[PDB]
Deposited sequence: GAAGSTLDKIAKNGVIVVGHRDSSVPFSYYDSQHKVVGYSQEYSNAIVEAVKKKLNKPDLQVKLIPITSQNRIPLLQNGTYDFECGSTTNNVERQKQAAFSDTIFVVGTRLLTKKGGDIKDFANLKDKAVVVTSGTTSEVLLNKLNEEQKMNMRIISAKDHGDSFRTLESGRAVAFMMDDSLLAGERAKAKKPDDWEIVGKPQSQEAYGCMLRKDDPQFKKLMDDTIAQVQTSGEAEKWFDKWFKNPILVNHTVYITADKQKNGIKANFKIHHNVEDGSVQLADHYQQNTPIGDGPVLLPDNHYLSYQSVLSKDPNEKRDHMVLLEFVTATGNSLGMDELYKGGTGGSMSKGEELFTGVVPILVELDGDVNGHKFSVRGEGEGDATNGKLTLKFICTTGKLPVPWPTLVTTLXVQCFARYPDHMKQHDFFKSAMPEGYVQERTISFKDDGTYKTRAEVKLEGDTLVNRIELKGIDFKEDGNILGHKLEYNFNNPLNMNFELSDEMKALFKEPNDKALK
């Protein structure tokens, strides 16, 4: 029995997925998260209570759609909660818990094309993940409907999507939620649409070994309680209505050696030829004054940025709208400076730059509303034509305006350093191109929040993406699933069941 194996070994081994978004997947920090993974954590805690082993160790191992049943049967892991369909054929090989979600198998395809339904796949190349129910359905469409599809089978859902994205398939067949999760990780999410009448409705269950009724009972009792108590719907909201923190994230950590914070993150700039220019950011902040500051636990700043133009503006310029929210990404006033940001605060930004000897200045003004995390700024190049693309300066051109929720205000270093302020320094390394070094002082001067920056760029290619002005005027934002919980799911959460559909 699995509970006997766990008790004897002092460990419970939890299988998990790499990229089943938003069910079980790695976030930007290589931590396993998602709606289904919440159940894994709850089941792990229920096992600790059942066995009265509060120090039980937890081992996470990655599985695929293809290897999940062999690795379960040979004891490599003990259970998994992810995106595995409960059906009668698989019940010959494994057991399933109460259902945790229901999906429909559809198609992801590029907009502007001719794939509107499954009938349009005739004679075409279609990608699917090896070892899935969709792979079976595609082969059945070939055998029974003479569709003559060339079926490309990829190792995991991210590999499947990237096959579609690169043009090597006309469509990706998969569970519709998983398709939306892969689209959210795309270079250009808005290029992709989910189409087609669903070929099946499928229930996700947590998978465990068969003929182990006592472990299945613990699992079902735990799931049914989470569902009937409302916690499952809270998990749905958490993982289906909040930014997916995989791409375009900002992860803040404490830099205690310097009484401040640091961050290491990646900005992806779209190139006008369809490629992506990586801008690797390393950031360090340290207080200007000697007063006490707040040193945070690890957390994210989730940025939503919109770049626009002012129609009545003849100078080279950028209008920037941003919403910035601090968040954790976990399963399952605090400074005097905080008080200085309860209203709307005028902002002044001054940047003096030199990229490959090309000297330029930027002046910005606007306001910050940290209660809502909202920034409105307009920047002008006061020296003429800006010699680099505006999107490359967005991150350089006031994290004190992030919205820290009530339960996280003890982690707001940026406001705690105010009014005396902080130094913000970055290296921005453009892949296959030059590097920005930036140094800013951010401080309250009277009632104005001032961001004064020096920027030094070196080693840029004069015909490259930056000095050659080949970057699109836009910005990548972390997306959310933007799904609502269906009536069918709410009825299931009221009356949990483990039935294949």
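Counting from residue 1 of the deposited sequence, the stretches lacking C-alpha coordinates in this chain are 1 to 4, 337 to 347, 413, 518.
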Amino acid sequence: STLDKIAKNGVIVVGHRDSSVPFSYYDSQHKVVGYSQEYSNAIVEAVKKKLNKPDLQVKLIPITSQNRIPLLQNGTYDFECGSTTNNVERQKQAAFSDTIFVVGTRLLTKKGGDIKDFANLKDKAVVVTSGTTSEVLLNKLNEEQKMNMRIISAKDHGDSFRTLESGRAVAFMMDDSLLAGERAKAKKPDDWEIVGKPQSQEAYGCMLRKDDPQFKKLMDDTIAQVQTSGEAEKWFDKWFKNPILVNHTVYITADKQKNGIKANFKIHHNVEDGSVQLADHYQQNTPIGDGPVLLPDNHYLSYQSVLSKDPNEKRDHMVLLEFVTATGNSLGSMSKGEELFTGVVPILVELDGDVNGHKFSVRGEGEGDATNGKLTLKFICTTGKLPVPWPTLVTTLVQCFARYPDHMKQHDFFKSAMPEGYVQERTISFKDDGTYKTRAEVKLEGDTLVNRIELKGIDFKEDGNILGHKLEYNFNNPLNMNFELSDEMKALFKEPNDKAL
From here on, numbers count along this sequence of modelled residues.
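In this entry, the higher average B-factor at the C-alpha atoms falls on 268 to 276, of the pair 172 to 180 and 268 to 276.
For the two regions 125 to 133 and 142 to 150, the entry's Cα B-factors average higher over 142 to 150. The PDB entry assigns its highest CA temperature factor, among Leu51, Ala42, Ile63, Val32, to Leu51. For the set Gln424, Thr376, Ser160, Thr228, the PDB entry assigns the largest Cα B-factor to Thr228. In the PDB entry, a CA B factor belonging to the highest third of its chain's modelled residues is recorded for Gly112. Ranked by Cα temperature factor within the chain, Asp310 sits in the highest third according to the deposited record. For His281, the recorded CA temperature factor ranks within the lowest third of the chain's modelled residues. Per-chain ranking of the deposited C-alpha B factor places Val293 in the highest third. The entry lists a Cα temperature factor for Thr395 that places it in the lowest third of the chain's modelled residues.
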